[PDB]
């Protein structure tokens, strides 16, 4: 059911997504251990993910949340990096995509900082890095991140290190 449509780099939508990706890179406390050492990306492609069933699943839940929160979905656009990116775009997010040992319990984690999500592309802690070179800081291998529409509703605030 999923179709991927390439965006042109001339398209304003490409440019705004690129800008969110590049502008939310930061340095990490691991010195680059998990995600690599970098200040910016080479964006090779941006595709719009089109699936009617998954979109309807999302908007159905979004309406439920909205109605429980004074008609406010608290929708955000957030990054997600995962080894399961191919499953997610075809079948949607589910229990298999959760970070079981995350600090906030077993759920599906998203980041404002693209570079945070980059830490998880090759697995938790960067796993063993890229499949080809076993390098968490590989500058050759193509990586993939999702930029996702997320309904937060009423969000529980946890202050944390």
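So that the term is clear: the rigid core is the largest set of C-alpha atoms that superpose within 1.5 Å between two forms. Residue numbers count along the first chain shown, from 1.
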| query | finding |
| --- | --- |
| Comparing 99-107 and 121-129 where Cα RMS over structures and residues is taken in 9 other deposited structures of this protein (core fit), larger one | 99-107 |
| Higher C-alpha RMS shift from the shown form in 9 other deposited structures of this protein - 53-61 or 90-98, rigid core fit | 90-98 |
| Residue range whose averaged C-alpha B-factor is higher in the record, 56-64 or 95-103 | 95-103 |
| 16-24 or 135-143, whichever carries the higher mean Cα B-factor | 135-143 |
| Largest Cα B-factor, entry values, listed residues 72, 80, 76, 90 | 90 |
| Residue 43, C-alpha B-factor rank within chain (lowest, middle or highest third) | middle |
| Chain-wide C-alpha B factor ranking for residue 128, given as lowest, middle or highest third | highest |
| Residue 8 by Cα B-factor - lowest, middle or highest third of the modelled chain | highest |
| Third of chain Cα B-factors occupied by residue 160 | highest |
